[PDB]
Amino acid sequence: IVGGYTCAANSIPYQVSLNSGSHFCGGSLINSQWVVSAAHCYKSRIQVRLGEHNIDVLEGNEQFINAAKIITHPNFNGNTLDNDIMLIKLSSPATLXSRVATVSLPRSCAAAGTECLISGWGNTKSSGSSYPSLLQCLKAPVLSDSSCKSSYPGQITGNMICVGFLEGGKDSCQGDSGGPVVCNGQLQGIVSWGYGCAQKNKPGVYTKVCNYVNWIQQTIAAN
Amino acid sequence: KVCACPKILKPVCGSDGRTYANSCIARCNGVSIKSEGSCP
Ligand SMILES: [Ca+2]
């Protein structure tokens, strides 16, 4: 997260980390047994970490649980990153408490201008590189379709939304992929891609979660 | 230098002896992935 601030402990209890050696992507806990992340974070072996604040120090609150099911969206396209969403079913259910809670799915799509909270342990620099121990947070608005489309000619599908600032300076970055974008207490986006990080006129692009509530529910009900 | 890339951290070593955040950021700099993982 570039241009953000260190989140307060217990402020983002639904944030998880996906590991396959080290932390590669973020994710969100949607129920005691399921996590949602980006399909491009797919790996055949994944360990999910919950209740984390400082990723470099065991604090006694963490739960390390292996993924049992790893399901990417049927229409995920790796070249365009369309339908960049993935569901992970935990091998054992997470224990819900102060540092571990679920985030709610959205009833409908967010309106442009909605303020949202983005979080993750990715790079905090747009030109150099610096990865923090503590989870970073950033408040940013949902952008209108015209602005997003004007920023990325011929690259925005109907399953993508831009969240950020046209002025650059604040944005998600490498290591933040799969992370949550929460607006009014509902998960509206998943960190996906962008042209660098925090570049002027190049806001971050996120998976539009409101388009996937049915697929999510059906997948969870059938598994 | 800067290109449209997914925001995943999956380090890769470059032919120029440099490790990039991911392969997209490597290719974006016309560098070849000498290896998968940070340059040792
Ligand atoms: Ca920790």
# chains A, B, ... in the order shown; residues from 1 in each chain; ligands from 1
call {"tool": "residues_near_ligand", "arguments": {"ligand": "ligand 1", "cutoff": "12 Å", "atoms": "only C-alpha atoms and all ligand atoms", "output": "list in words"}}
result
residues 9, 16, 17, 23, 49, 50, 51, 52, 53, 54, 55, 56, 57, 58, 59, 60, 61, 62, 63, 64, 99, 121, 133, 134 and 135 of chain A
call {"tool": "write_last_selection", "arguments": {"atoms": "N, CA and C atoms", "output": "compact mmCIF listing (two decimals), in the first residue's frame"}}
result
# COMPACT_ATOMS: atom_id res chain seq x y z
N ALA A 9 -4.44 -2.21 15.41
CA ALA A 9 -4.63 -3.65 15.60
C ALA A 9 -6.12 -3.87 15.82
N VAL A 16 -6.65 -11.64 5.52
CA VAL A 16 -5.83 -12.85 5.67
C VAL A 16 -4.65 -12.68 4.73
N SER A 17 -3.69 -13.58 4.85
CA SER A 17 -2.49 -13.62 4.05
C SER A 17 -2.45 -15.03 3.44
N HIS A 23 4.72 -14.65 2.12
CA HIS A 23 3.45 -13.98 1.81
C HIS A 23 3.49 -13.49 0.36
N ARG A 49 -3.09 -17.45 6.50
CA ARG A 49 -2.75 -16.95 7.84
C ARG A 49 -3.77 -15.91 8.26
N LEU A 50 -4.32 -16.09 9.47
CA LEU A 50 -5.34 -15.20 10.00
C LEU A 50 -4.91 -14.60 11.33
N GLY A 51 -5.59 -13.52 11.73
CA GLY A 51 -5.30 -12.84 12.97
C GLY A 51 -3.92 -12.19 13.04
N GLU A 52 -3.38 -11.83 11.88
CA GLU A 52 -2.06 -11.20 11.76
C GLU A 52 -2.09 -9.69 11.72
N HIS A 53 -1.13 -9.06 12.39
CA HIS A 53 -0.97 -7.60 12.37
C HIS A 53 0.47 -7.37 11.89
N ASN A 54 1.44 -7.85 12.67
CA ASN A 54 2.83 -7.77 12.27
C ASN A 54 3.16 -9.13 11.62
N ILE A 55 3.37 -9.18 10.31
CA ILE A 55 3.67 -10.47 9.67
C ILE A 55 5.05 -11.05 9.98
N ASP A 56 5.93 -10.26 10.58
CA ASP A 56 7.27 -10.77 10.86
C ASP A 56 7.47 -11.23 12.28
N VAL A 57 6.42 -11.15 13.08
CA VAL A 57 6.55 -11.52 14.47
C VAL A 57 5.31 -12.32 14.92
N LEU A 58 5.54 -13.47 15.53
CA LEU A 58 4.47 -14.31 16.05
C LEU A 58 3.99 -13.53 17.26
N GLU A 59 2.72 -13.16 17.27
CA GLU A 59 2.14 -12.37 18.35
C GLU A 59 1.20 -13.17 19.27
N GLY A 60 0.96 -14.45 18.95
CA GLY A 60 0.07 -15.29 19.74
C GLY A 60 -1.41 -15.31 19.34
N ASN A 61 -1.79 -14.48 18.38
CA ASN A 61 -3.16 -14.38 17.88
C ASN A 61 -3.43 -15.15 16.54
N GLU A 62 -2.35 -15.48 15.84
CA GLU A 62 -2.40 -16.12 14.53
C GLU A 62 -3.00 -17.52 14.45
N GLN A 63 -3.63 -17.82 13.30
CA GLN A 63 -4.16 -19.15 13.01
C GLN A 63 -3.60 -19.47 11.63
N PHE A 64 -2.91 -20.59 11.50
CA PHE A 64 -2.33 -20.99 10.22
C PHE A 64 -3.14 -22.19 9.77
N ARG A 99 -9.64 -10.63 16.73
CA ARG A 99 -8.72 -10.41 15.62
C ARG A 99 -9.16 -11.15 14.36
N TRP A 121 -0.12 -5.95 2.91
CA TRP A 121 1.28 -5.88 3.30
C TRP A 121 2.19 -5.65 2.09
N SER A 133 6.25 -4.48 8.04
CA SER A 133 5.92 -5.59 8.93
C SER A 133 4.44 -5.44 9.29
N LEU A 134 3.99 -4.20 9.47
CA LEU A 134 2.61 -3.96 9.86
C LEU A 134 1.67 -3.69 8.71
N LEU A 135 0.47 -4.25 8.85
CA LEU A 135 -0.60 -4.13 7.87
C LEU A 135 -0.89 -2.67 7.64
call {"tool": "interface_residues", "arguments": {"of": "chain A", "to": "chain B", "cutoff": "10 Å", "atoms": "only C-alpha atoms", "output": "count of residues only"}}
result
36
call {"tool": "select_by_dssp", "arguments": {"residues": "chain B", "states": "strand (DSSP E or B)", "output": "ChimeraX atom specification"}}
result
/B:4-6,12-14,19-20,33-36
call {"tool": "write_last_selection", "arguments": {"atoms": "N, CA, C and O atoms", "output": "mmCIF file, in the first residue's frame"}}
result
data_model
loop_
_atom_site.group_PDB
_atom_site.id
_atom_site.type_symbol
_atom_site.label_atom_id
_atom_site.label_comp_id
_atom_site.auth_asym_id
_atom_site.auth_seq_id
_atom_site.Cartn_x
_atom_site.Cartn_y
_atom_site.Cartn_z
ATOM 1 N N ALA B 4 1.418 -2.401 -17.141
ATOM 2 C CA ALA B 4 0.190 -2.940 -16.562
ATOM 3 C C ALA B 4 0.524 -4.366 -16.092
ATOM 4 O O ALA B 4 0.758 -5.264 -16.909
ATOM 5 N N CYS B 5 0.552 -4.556 -14.777
ATOM 6 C CA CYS B 5 0.914 -5.838 -14.193
ATOM 7 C C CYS B 5 0.060 -6.176 -12.980
ATOM 8 O O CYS B 5 -0.478 -5.278 -12.311
ATOM 9 N N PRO B 6 -0.119 -7.484 -12.704
ATOM 10 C CA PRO B 6 -0.919 -7.853 -11.538
ATOM 11 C C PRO B 6 -0.083 -7.459 -10.323
ATOM 12 O O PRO B 6 1.155 -7.352 -10.413
ATOM 13 N N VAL B 12 11.303 -12.789 -8.788
ATOM 14 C CA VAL B 12 11.939 -13.473 -9.892
ATOM 15 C C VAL B 12 13.309 -12.817 -10.082
ATOM 16 O O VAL B 12 13.495 -11.640 -9.745
ATOM 17 N N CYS B 13 14.301 -13.630 -10.419
ATOM 18 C CA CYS B 13 15.651 -13.130 -10.651
ATOM 19 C C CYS B 13 15.845 -12.807 -12.130
ATOM 20 O O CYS B 13 15.412 -13.557 -13.020
ATOM 21 N N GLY B 14 16.517 -11.694 -12.386
ATOM 22 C CA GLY B 14 16.742 -11.253 -13.748
ATOM 23 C C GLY B 14 18.130 -11.507 -14.305
ATOM 24 O O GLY B 14 19.115 -11.605 -13.559
ATOM 25 N N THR B 19 16.413 -8.866 -8.947
ATOM 26 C CA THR B 19 15.169 -9.560 -8.651
ATOM 27 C C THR B 19 14.020 -8.556 -8.748
ATOM 28 O O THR B 19 14.117 -7.433 -8.237
ATOM 29 N N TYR B 20 12.973 -8.946 -9.469
ATOM 30 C CA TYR B 20 11.783 -8.112 -9.672
ATOM 31 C C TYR B 20 10.609 -8.669 -8.878
ATOM 32 O O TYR B 20 10.531 -9.881 -8.644
ATOM 33 N N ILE B 33 13.942 -13.583 -17.104
ATOM 34 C CA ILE B 33 13.911 -14.209 -15.800
ATOM 35 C C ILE B 33 15.014 -15.255 -15.788
ATOM 36 O O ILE B 33 14.883 -16.320 -16.405
ATOM 37 N N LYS B 34 16.132 -14.914 -15.159
ATOM 38 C CA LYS B 34 17.236 -15.856 -15.074
ATOM 39 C C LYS B 34 16.747 -17.012 -14.207
ATOM 40 O O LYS B 34 17.026 -18.172 -14.493
ATOM 41 N N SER B 35 15.971 -16.690 -13.175
ATOM 42 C CA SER B 35 15.440 -17.705 -12.279
ATOM 43 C C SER B 35 14.209 -17.246 -11.492
ATOM 44 O O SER B 35 13.913 -16.052 -11.399
ATOM 45 N N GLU B 36 13.475 -18.224 -10.972
ATOM 46 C CA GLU B 36 12.270 -17.993 -10.191
ATOM 47 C C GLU B 36 12.662 -17.828 -8.731
ATOM 48 O O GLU B 36 13.069 -18.779 -8.079
#
call {"tool": "atom_distance", "arguments": {"atom1": "CA of residue 105 (chain A)", "atom2": "CA of residue 157 (chain A)"}}
result
21.1 Å
call {"tool": "closest_residue", "arguments": {"among": "A:7, A:116, A:148, A:70", "to": "residue 184 (chain A)", "atoms": "only C-alpha atoms"}}
result
A:116
call {"tool": "select_by_dssp", "arguments": {"residues": "chain B", "states": "alpha helix (DSSP H)", "output": "number ranges by chain"}}
result
B: 23-27
call {"tool": "atom_distance", "arguments": {"atom1": "CA of residue 42 (chain A)", "atom2": "CA of residue 78 (chain A)"}}
result
10.8 Å
call {"tool": "atom_distance", "arguments": {"atom1": "CA of residue 118 (chain A)", "atom2": "CA of residue 212 (chain A)"}}
result
19.1 Å
call {"tool": "residues_around", "arguments": {"residues": "region 87-93 of chain A", "least_positions_apart": "6", "cutoff": "10 Å", "atoms": "only C-alpha atoms", "output": "PyMOL selection string"}}
result
chain A and resi 27-39+42+46-48+65-73+216+219-220+223
